[PDB]
Amino acid sequence: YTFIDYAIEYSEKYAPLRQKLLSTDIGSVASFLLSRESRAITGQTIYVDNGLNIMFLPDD
Amino acid sequence: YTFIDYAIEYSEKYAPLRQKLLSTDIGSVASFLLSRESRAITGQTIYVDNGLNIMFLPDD
Amino acid sequence: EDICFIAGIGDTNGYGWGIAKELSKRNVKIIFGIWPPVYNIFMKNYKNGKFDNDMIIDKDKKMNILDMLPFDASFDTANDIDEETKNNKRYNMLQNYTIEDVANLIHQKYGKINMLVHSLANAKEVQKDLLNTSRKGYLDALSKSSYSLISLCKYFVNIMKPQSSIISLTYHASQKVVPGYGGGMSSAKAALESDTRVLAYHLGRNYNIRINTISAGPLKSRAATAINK
Amino acid sequence: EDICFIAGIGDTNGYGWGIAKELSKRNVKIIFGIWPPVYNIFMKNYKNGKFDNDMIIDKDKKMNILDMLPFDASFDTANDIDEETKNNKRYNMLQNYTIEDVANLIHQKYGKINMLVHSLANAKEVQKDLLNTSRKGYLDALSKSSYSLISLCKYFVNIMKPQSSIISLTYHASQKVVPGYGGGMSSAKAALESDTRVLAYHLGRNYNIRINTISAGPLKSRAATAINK
Ligand SMILES: NC(=O)c1ccc[n+]([C@@H]2O[C@H](COP(=O)([O-])OP(=O)(O)OC[C@H]3O[C@@H](n4cnc5c(N)ncnc54)[C@H](O)[C@@H]3O)[C@@H](O)[C@H]2O)c1
Ligand SMILES: NC(=O)c1ccc[n+]([C@@H]2O[C@H](COP(=O)([O-])OP(=O)(O)OC[C@H]3O[C@@H](n4cnc5c(N)ncnc54)[C@H](O)[C@@H]3O)[C@@H](O)[C@H]2O)c1
Ligand SMILES: Cc1ccccc1-c1ccc(Oc2ccc(Cl)cc2Cl)c(O)c1
Ligand SMILES: Cc1ccccc1-c1ccc(Oc2ccc(Cl)cc2Cl)c(O)c1
């Protein structure tokens, strides 16, 4: 059942935010970065992933 | 001329982005972070600083 | 109909004000939490029209200020309030300014909110360097600038709708040494940035509420000028 | 009158598409650079309205697509096209698909643009783990997934107004190990997150143009599936 399915499953279980992660969730962040609203942000890696990246250990 | 004047002057000399950093520059970011547009971002430190944070060494 | 509590504003030269201005572009109702010692100065200045120009959102709206409330992030509940500030000239004529008291006041008056901003910091010994900072001084930095964010969260979560969102402000000194940023303010921001993560897991899992922090670059606000190197 | 070039759409199951949907919401004009291996088929499906349900921005808004162009990010200028791929079944019919050429094309039909999106990756040996990746495959991963960004920038930077903004997509395996993200894909994302800083310096100082990268969580796109694990 592949790599990406493990990935989705793990993220939907262990991420701070439980929602399914959607293409349009990145899309709207992309949209903000591309717009003038983010005129003072450059050179950054902005994480859009329901917060998974902050976790060290699982719980279960 | 105190510490903040040094920091503002350094920032404006050395940050990737040359413009004067306004409180509304930070405001438009907070606006976005507070909205549903950013539903998939959490637990992040987001840098709104005209990129200064990415530099190691100055040019002067 | 969205409400945002912005905790930490004494004037219009800081980040709290800029955040208020931009939220207004989206029609969000703004409530200010003001440190008691400067709350009356603020009301007066506001009443006397000193902020009228600063309130105009380009697009021909006035900033929609729902309310302005005294707020002191040193005090969680009514019984943390010490005797000397109970008799303090500035405090004793104000009431309900502890973090829990203002959660309740706001909820009683306007219902649930969905946006929270922590935009305040303090450290009695910011003028000293970390090595020369006392325990008392360090711990006041942490209490006022870092614990204050946890406490805000704990009291406000209950008056917020799910999917609601929370920010605070930080500074890169937490990660890279900036000499002059003393008194344990750097330590405080380090803690704040780590607490943002841990809070994000708890608030995220339990309430589907989000939390992030913005690491801003320098602006000449009141507190910034108060640093002094 | 914002115009965005989105490099790396092959269907409506990727982040490219989601980026196009959200950009429409803001009424920004969208131009797609499609890889020639899937170009004729994407065009065909679009023409047959396969993407009609997909182009629906709930708000009784239809996606608005300015143009659709063949585009291969391996190729900087026309002189970089080797004879074989030049003659290939898929490429033989198409033209102006190099990075330099699509820049010019866009600059002739529509003038300067102000938004640029890099939403593409590729790596011949993603299935192999880092230790077992060959030089060739590794360099392929960096070429296709990292350099392509830098080069997209060199050429598009001249058809973009000052104040324009550029973004790419990355993944956390650059910073923490995810076994199975092989082929030097992890290397390429590390390089891409480093080049994102360096480029932001050069682009900011010289062009007043900003660049950032989004590290996305997992999504079930076409490319995602091609990682046999
Ligand atoms: N100015 C900058 O260059 C800069 C850079 C990075 C981060 N920040 C952060 O921005 C935030 C807002 O500060 P600012 O620089 O806009 O200055 P500011 O003076 O506008 O705001 C700080 C506020 O905190 C309030 N405050 C202090 N102690 C309090 C307490 N015990 N209870 C309640 N309120 C209290 C003060 O009255 C003041 O209004 C702070 O977290 C600061 O660390 C500022
Ligand atoms: N899907 C995920 O879980 C995920 C997670 C993190 C990051 N990303 C990143 O997002 C980006 C988009 O990937 P996706 O998941 O949307 O997959 P996708 O297959 O939907 O998008 C990749 C697209 O790039 C195109 N492409 C590939 N090589 C090209 C080349 N040389 N020239 C021009 N076009 C080319 C392909 O035709 C394809 O349409 C990639 O950079 C990927 O690394 C994806
Ligand atoms: C000191 C500095 C140097 C460069 C950029 C910003 C800052 C900067 C300015 C004000 C800041 O806000 C404060 C600093 C110290 C204290 Cl006691 C209170 C506050 Cl509100 C800050 O945290 C950082
Ligand atoms: C590997 C992974 C694990 C968890 C979540 C996402 C991803 C993920 C899926 C597709 C991704 O995109 C690609 C990965 C490899 C290749 Cl060869 C091409 C692409 Cl477009 C990606 O960069 C990361």
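Chain letters run A, B, ... following the sequence lines, proteins first, then strands; residues in each count from 1.
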Side-chain (C:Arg205) to main-chain (A:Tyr14) donor-acceptor, under 3.5 angstrom: yes
Which atom of C:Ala200 lies closest to which atom of A:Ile54, heavy atoms considered: CB-CD1, 4.0 Å
Which atom of A:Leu17 lies closest to which atom of C:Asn208, heavy atoms considered: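 Smallest heavy-atom distance, with atoms named: CD1-OD1, 4.0 Å.
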Counting only non-hydrogen atoms closer than 4.5 Å, does [X] touch chain C with its backbone (N, CA, C, O), its side chain (CB onward), both, or neither?
| X | value |
| --- | --- |
| A:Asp59 | side chain |
| A:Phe56 | neither |
| A:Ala40 | neither |

Does atom [atom1] of [X] have more than 12 heavy-atom neighbours, drawn from other residues, nucleotides or ligands, at distances under 6.0 Å?
| X | atom1 | result |
| --- | --- | --- |
| C:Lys176 | NZ | no |
| C:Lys128 | NZ | yes |
| A:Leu57 | CG | yes |
| A:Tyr10 | OH | yes |
| C:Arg222 | CZ | no |

Rounded distance (nearest 0.5 Å) linking atom CD1 of A:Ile41 with atom CD1 of C:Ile214: 7.5 Å
Selection residues 149-164 of chain C - residue pairs positive for side chain to side chain donor-acceptor pair (under 3.5 Å), sequence neighbours left out: C:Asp76-C:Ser151
